[PDB]
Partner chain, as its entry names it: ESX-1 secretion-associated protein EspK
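The chain below stands alone and is given in structure tokens; this is the form solved without its partner chain.
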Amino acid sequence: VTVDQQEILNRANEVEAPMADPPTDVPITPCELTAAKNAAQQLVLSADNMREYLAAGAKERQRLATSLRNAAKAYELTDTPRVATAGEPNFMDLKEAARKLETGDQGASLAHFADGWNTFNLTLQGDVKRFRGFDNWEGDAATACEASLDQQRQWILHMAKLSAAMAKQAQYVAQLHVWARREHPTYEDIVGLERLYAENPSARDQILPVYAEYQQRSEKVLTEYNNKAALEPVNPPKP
């Protein structure tokens, strides 16, 4: 049962000092498709809960610092909800699908989101020295505090890992959207083809198979998008 009261107090300050700020970028849907919107809703929830749990972690480190100081004198959190996602694609017609896909920021906010959460991952996990054991504080109280610090340390690294996973979900949805724009017939081309059909009556039997292929392309894209955009909630552990 050795003590150094100076160390206890210094470590109290070190432990509750501000950690990296989590980003507050709001990820917006890349386009007007339901599957895109539901992805954004899921990210909003996951990221709100991450920030709420990170605020609870700051409380925990304050509470450790208070506990360290009260020693030296002597000498509501829930799961991230899952957003409902459509079981079946729902094939709207060509033009409306193309309009929905082409209306919105096309993934720009998702890149910014990912970038913020990625930086927070990388930086937060290099601020764990604050949870090391003591040099000259020994006994049961010291051992208890060391356990508690090590629990916070492990929780921080887990939070950093979940931050990386969430940023990747956002990148994944941005990639998906880019893929969907590359593959889906453009609004302008659908209108062009409808125009070609209207204006060329004798060509209409040659145009019909082309239009049917535009429809198969669209459906194929909407089926992928509906399926691949459904995200898992990010569910952090309690500190």
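Numbering follows the first chain given and starts at 1. Definition used throughout: the rigid core is the maximal C-alpha set that superposes within 1.5 Å between two forms.
There is another form of this protein, the form deposited with its partner chain bound, and it is not shown here; the text below is about that form.
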| item | value |
| --- | --- |
| Exercise: residue 194 in contact with its partner chain in the deposited complex, heavy atom 4.5 Å | yes |
| Heavy atom of residue 90 within 4.5 Å of its partner chain in the deposited complex | yes |
| Contact of residue 187 with its partner chain in the deposited complex (heavy atom, 4.5 Å) | no |
| 4.5 Å heavy atom contact, residue 69 to its partner chain in the deposited complex | no |
| Full three-residue contact with its partner chain in the deposited complex, heavy atom 4.5 Å, for 198, 204 and 208 | yes |
| Residues in 212-226 with any heavy atom within 4.5 Å of its partner chain in the deposited complex | 212, 215, 219 |
| Which one of 85, 136, 151, 106, by Cα shift of 2 Å or more between the shown form and the other one, core superposed | 136 |
